[PDB]
Structures are given as C-alpha cells and as structure tokens.
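Q: Here goes the first bit of my complex:
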Amino acid sequence: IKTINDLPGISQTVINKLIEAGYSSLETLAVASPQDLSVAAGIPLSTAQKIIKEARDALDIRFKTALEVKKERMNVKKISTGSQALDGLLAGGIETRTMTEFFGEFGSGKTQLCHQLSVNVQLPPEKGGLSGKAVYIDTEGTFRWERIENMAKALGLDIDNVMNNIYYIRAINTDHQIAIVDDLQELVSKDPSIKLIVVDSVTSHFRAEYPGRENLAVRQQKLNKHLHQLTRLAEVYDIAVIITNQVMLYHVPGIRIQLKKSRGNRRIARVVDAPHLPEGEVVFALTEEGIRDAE
C-alpha cells in the first residue's frame, strides 16, 4: 500500500497530527524513532512504534536469494530509463502491456525522459531495451531532434538509425490527437517492431479546447475514453505506453510517477499511483548524455 491514510488500525485523528508534524511519506515514517515521533506528533509512544511498524512493513522489504532474483529478471522485460535510481524506483524500468504517466511542473524532466525512452527502447535487452521502435505523438511541439542526437551519441549509436526508428507525428488538437490514436492500432499491426508509444502532454489540448469547470465532465469523458484506448493498445499488442501530463482526481492511468525540480540539475521522482510498485522517491539528473543518476 501507499499513503499514511491507508495505515491499518490507525485513527483518522492521528493521521492529521502526523501530517501536521511533517510526516507525509511512509518511507520517512518507516525509519523514524518511535520516541521522537511520539514527541513531534504528540501521539502515545505505544502508537508511534506502531505506525512505524505498519510503515516499515508497508515498504515490503523482501530478502530474496540471488538465484530467485535472477529468475524473475528473465521472466520480465522493461525499458530502462537511464538512471539506475529511477529504474530501481520503477522496479526495473518502463513496463509493456501497461501505460505509465509522468506528471509534474514544466522542466521537471518529463520531456527529456520521453526522449530518453524513445532511444533506449531501440537497445537490446542486455543494455536495457527491447530491440523495438517508438511512436512519438507530439502534442505541443516539444520533440527536439537534437536531444535525440546527444542521447544517441552517448550510447555510441547511429544518429540517423536512431531517428529512423522513432515514428513522429504532430497532433495539433484533440480531434487529431484522438484520430492519430485511433489509427495507431493499424500501425502496430503493420509494424510489430513498435514497442514504445509516447504521447507527450496528452491532457493538454483537452484542457485547452474544454476549459473551465463547465466542460469538466465532457473533458473527462472524452479524455478517459482516449486513455482507455491507449491502455488496451498497450495490453493487446504487448507494448509500453507513456504519457506525460503537465500539472502545477479519479485517474485511469496504471502507473503514475510525479517529477519535481531539485537543486539545479537534480530532480525527484515519486511513485504516486501503482499496484505492484512500493512507494518512495528517488533522485536522478538531467545530463546532456541524457537521463542519468545524480552525482
């Protein structure tokens, strides 16, 4: 589980005293001292040691054998982000048969991330990829054929071959965005090499062509349908769908990661929504080489 509010045998009254004391994340609780938590939250010592137990337990730490672990890695295939940190957070990388969302303020690293993945995807399972192609649906004109270049170089790959494996299409508005997605089903069947679908800023045009709280219902109706569509595609055709949303509540997306800007080059990525992923934030950086770990 995630979030404190979901802590077992816990009163909803202390849940405040915990968030009023600055204890928002479970991983922060998991390692706190019962004593200091008792004093800082103004809660009975006996209960501190409990929410800390419940919190640590919520992390799901499992000491597997080196063999058993090796077994599970061949059992599954993911695209690596380029940052072991971020990968770890994501239990390996971007999964197929599923849609992952990356949301956050402008410049949090969501774009770079999209590009980065539109390249690693082409790499072989040994180096972090899936020997496949990518479809980059460009919603707001963010694609930097330059950024794909640097990323490419640093990998010792062939710039032009890299660019040749990235299907590109600008989506000028919702109607076109919807259509483009609709014709996707053919593409994937026409070229089963495709493994990565990237729709940067999916919600974007909708908030634009359906502004205000007056359209809220239709905006969601239309968007949810657009998303339920991309999800299926990913599932049926065994590929990974990635979408980024740019924010500053009844979501469809499977996995949701939030990105935040940190001291200059650095950035933080946290698992918000996810069924199989354990909560926690990790730190990575935006380099020229691409998406790497900090320091």
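A: Looks like it came in fine. Numbers count the residues shown, from 1 in each chain, chains lettered A, B, ... in the order given.
Q: Could you list the buried residues of the helix or strand that contains residue A:187?
A: Secondary structure from DSSP states H and E places residue A:187 in helix A:174-190. Within helix A:174-190, the residues scored as buried using 16 or more other CB atoms under 10 Å are A:174, A:177-178, A:180-181, A:184, A:187-188. C-beta: built from backbone N, CA, C; applies to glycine.
Q: Same check on stretch A:208-218?
A: Residues residue A:210 are the ones in stretch A:208-218 that count as buried (16+ other CB under 10 Å).
Q: how long is that stretch end to end?
A: 13 Å (CA to CA, to the nearest Å).
Q: I'd like to know how many residues surround the nearest residue to residue A:78 once chain neighbours are set aside.
A: Nearest non-adjacent residue to residue A:78, counting by CB to CB, 6 or more residues apart in numbering: residue A:93, 3.4 Å away. Residue A:93 is flanked by 22 other residues according to other CB atoms under 10 Å.
Q: quick revisit: next one: the helix holding residue A:187 to chain centre, how far?
A: Centroid displacement of helix A:174-190 relative to its chain, using CA atoms, centre = their mean, to the nearest Å, is 22 Å.
Q: what do you get for stretch A:237-245?
A: That offset, for stretch A:237-245, works out to 10 Å (CA atoms, centre = their mean).
Q: could the buried residues of helix A:174-190 go into a markdown table alongside distance to residue A:12?
A: Output for the buried residues of helix A:174-190, formatted as a markdown table (distance: CB to CB, whole Å):
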| residue | distance to residue A:12 |
| --- | --- |
| A:174 | 40 |
| A:177 | 41 |
| A:178 | 41 |
| A:180 | 45 |
| A:181 | 41 |
| A:184 | 44 |
| A:187 | 49 |
| A:188 | 46 |
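Q: List just the nearest of these to residue A:128.
A: Nearest to residue A:128 out of the buried residues of helix A:174-190 is residue A:188 (CB to CB; 21.9 Å).
Q: surely the closest one meets residue A:181?
A: No. Residue A:188 is beyond contact range of residue A:181, at 11.3 Å (criterion: CB atoms under 8 Å).
Q: coming back round to it: which one of the buried residues of helix A:174-190 is nearest residue A:219?
A: residue A:174 (9.4 Å).
Q: Please name the residues that touch the residue nearest to residue A:165 when sequence neighbours are not counted.
A: Among residues not flanking residue A:165 along the chain, residue A:133 sits closest, at 4.5 Å (CB to CB, 6+ apart). Contact analysis of residue A:133 by CB atoms under 8 Å, 6 or more residues apart in numbering lists A:121-122, A:165-167, A:191, A:193-196.
Q: what's across from residue A:133 in the sheet?
A: Going by DSSP bridges, residue A:133 is paired in beta bridges with residue A:194.
Q: add chain B to the structure above, sequence below:
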Amino acid sequence: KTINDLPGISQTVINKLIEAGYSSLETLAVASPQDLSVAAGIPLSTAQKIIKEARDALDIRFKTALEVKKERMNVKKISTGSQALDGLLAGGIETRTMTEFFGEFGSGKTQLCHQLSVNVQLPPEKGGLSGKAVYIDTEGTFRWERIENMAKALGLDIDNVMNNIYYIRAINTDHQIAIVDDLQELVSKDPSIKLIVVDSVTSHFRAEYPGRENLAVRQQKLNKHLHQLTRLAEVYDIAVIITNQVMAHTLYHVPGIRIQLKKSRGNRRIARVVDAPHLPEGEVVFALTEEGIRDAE
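A: Same chains as before, plus chain B:
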C-alpha cells in the same frame, strides 16, 4: 478537404450535416456514428460512412523522425508566439509565400501582425529569422505600445526592436500601390528584411471602389496588387502577411495561405485553415495576452 467533397455522399445529407453543426472534417472523423445519426437525422449506416470517409480525409501519415528533421533544415518559418497556432501553420508563417489573416474586428489580426513584427527579429533558435520587418499601415493601427509589451516579454531591447521595423502609413490605394512598388528597392537595399506586413490590404479598395457596382474592378485592382506582393515575397525570399477584415461556386482567391480568426470566450481566439496547399485543415485555439500572442490556459 471540406465536407461537400466527400465521396459517395448525397448533397442532401451534406446540409443536415451543416445544419446539425458538423462543418469540419476533423469534427466528423472522431464523432460517434450513433450520435451523428440522431443529431443529423441520417441513417446509422451513412453516419459510420461519413465518419470513415472523414477520418480518411484528415491525411494522417506516420512519418519517420529522420525524414521530418530533413524537412526542418529545408525550410525556415516565423513563430506566432502560440505553439497552437504554429502547429496549425505547420511551424509558422512561411517565407517565399503570402499569408492572409481575415476575420471580424478584434479577432486578433492586429495583435498577430505586431507579434510577427517582433518574432521575425529573433534567431532561428527562438523562432525567428534574425531579420527586420516592414509594417505598411493602411488604417493607422500600429500601436507603438503593443510592440513594447511584446518586446519586454521577450527580454528584448525596446528601442532596438522598434529600430528593426520599417513603418509607413499608406493613406490611400494609390499610395498603397506606390509603396509596394518601391518595396523592391528596399528589400534589395536591405536584404535583412524578411517580413512584409500589410494590415488591411483590401481596406482602401473597398473604400475607393464601393458597391456591387465596382466589385469587378475593385477586385481586378486589388488582385493585381496582391499578385504583386506575392511575387516580391517569392523572388526576394521574404514573408508577406496581409490581414482582411470580414464579417460572419468555389470562390477564387490569390493568397497562398488563408486563415480565418474568430473570437471566443473573452481572452481566447480560434484560428482555422481555410485555403492552403500543404497545410491540413483544422482549427486550433490560442489567446491574446499582454505578453503578446500565446496559447490559451
């Protein structure tokens, strides 16, 4: 393009589609045959067709990232300030060609002209062409202030910005004509100019040749004037923008590209491609800010 051009479709339904509010193909391409059948009062079987034929009509082609990059070094455009509007115009106002912006008073034509008479000076990295502009002012619309604000928002030098904009009042058609004539010198004297802006080209003609009595000659003259500005843009590799103020059988027009602007909820505005060879039809929305021309929300 356009609905009346839909294959195997009766001209009878073409009306129930325009009377139901389905003007553009892109609106059809994503509608529900079901709802379309109720809204237009058309056989369910015909709806799913109009939509099939409509979706096909959008011309969706999944090009390779490489071929696209090739097309970018091949051409250079001026950015409108709204990534929306630029998307609609496949990058921006193109050179070697004339683009018209027409619409009711306040649709954003003016703002747009000013915004372009500044973005033109920006370097290719920021969306410009590191060039100057000629602003032929037909009805006294230039706002030395509006250039200022737009200028600031770009962290540019007010003074310098204004020094890279050639300005000239064109009091009547005859002067408008002369002015354009002498343009050939200017562009040759100063090859840095890259944006010609004639706001309200048709204006003086409609005034000096009013009524349905002169319409023929009014257009004979105006079209000759436009063919003129077009050539200039082509020959001297620059961009000519003209704006026309209209209020709201395939009619003949000279202008390469034509976009219609409409007012929307207060701040917002809609821009749609009407005439265009290489531009795919569809309307997008943008807004009028103090900063200048930007996207909405």
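Q: and the buried residues of stretch A:208-218, now that chain B is part of it?
A: A:208-211 (16 or more other CB atoms under 10 Å in any protein chain shown).
Q: If residue A:245 is in a bridge, with which residues?
A: residue A:103.
Q: could you pull out the strands for the stretch 1-150 of chain A?
A: A:78-79, A:94-95, A:98-104, A:133-138 (DSSP state E, counting those that start in this stretch).
Q: so which of those strands comes closest to residue A:267?
A: Closest among those, using CB to CB: strand A:98-104, at 8.6 Å.
Q: Pull the distance from the closest one to the chain's centre.
A: The answer for strand A:98-104 is 4 Å, by CA atoms, centre = their mean.
Q: Stretch A:13-20 too?
A: Per CA atoms, centre = their mean, the centroid offset for stretch A:13-20 relative to its chain is 28 Å.
Q: Alpha carbons only: can I get that stretch in CSV?
A: Written as CSV, here are the backbone C-alpha positions of stretch A:13-20 (Å, rounded to 0.1, in the frame of the first residue of the first chain):
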residue,chain,number,x,y,z
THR,A,13,-7.4,11.8,14.1
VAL,A,14,-3.7,10.9,14.5
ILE,A,15,-3.4,10.9,10.7
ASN,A,16,-3.6,14.6,11.0
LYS,A,17,-1.2,15.0,13.8
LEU,A,18,1.2,13.1,11.6
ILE,A,19,0.7,15.3,8.6
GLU,A,20,0.7,18.3,10.8
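Q: what sits up against it?
A: For stretch A:13-20, the surrounding residues in contact (CB atoms under 8 Å, 6 or more residues apart in numbering or on different chains) are A:4-5, A:7, A:29, A:41-43, A:47, A:51.
Q: list the buried ones in it?
A: Result for stretch A:13-20 [16+ other CB under 10 Å]: buried residues A:14-15, A:18.
Q: ok, now stretch A:227-241?
A: Buried residues in stretch A:227-241 (16+ other CB under 10 Å): A:227, A:229-231, A:233-234, A:237, A:239-241.
Q: How about stretch A:47-57?
A: A:47-48, A:50-52, A:54-56.
Q: if we can go back for a sec, select, from the contacts of stretch A:13-20, the two members most distant in space.
A: Farthest-apart pair in those is A:5 and A:42; separation 18.4 Å (CB to CB).
Q: Between the buried residues of stretch A:227-241, which sits nearest residue A:142?
A: Using CB to CB, the buried residues of stretch A:227-241 come closest to residue A:142 at residue A:241, 17.3 Å.
Q: before we move on, which element is the closest one in?
A: Counting by DSSP H and E, residue A:241 is found in strand A:240-245.
Q: Redo the buried residues of stretch A:227-241 as CSV? Include distance to residue A:77.
A: Listed next are those as CSV, based on distance: CB to CB, whole Å:
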residue, distance to residue A:77
A:227, 23
A:229, 23
A:230, 20
A:231, 19
A:233, 18
A:234, 14
A:237, 14
A:239, 11
A:240, 10
A:241, 15
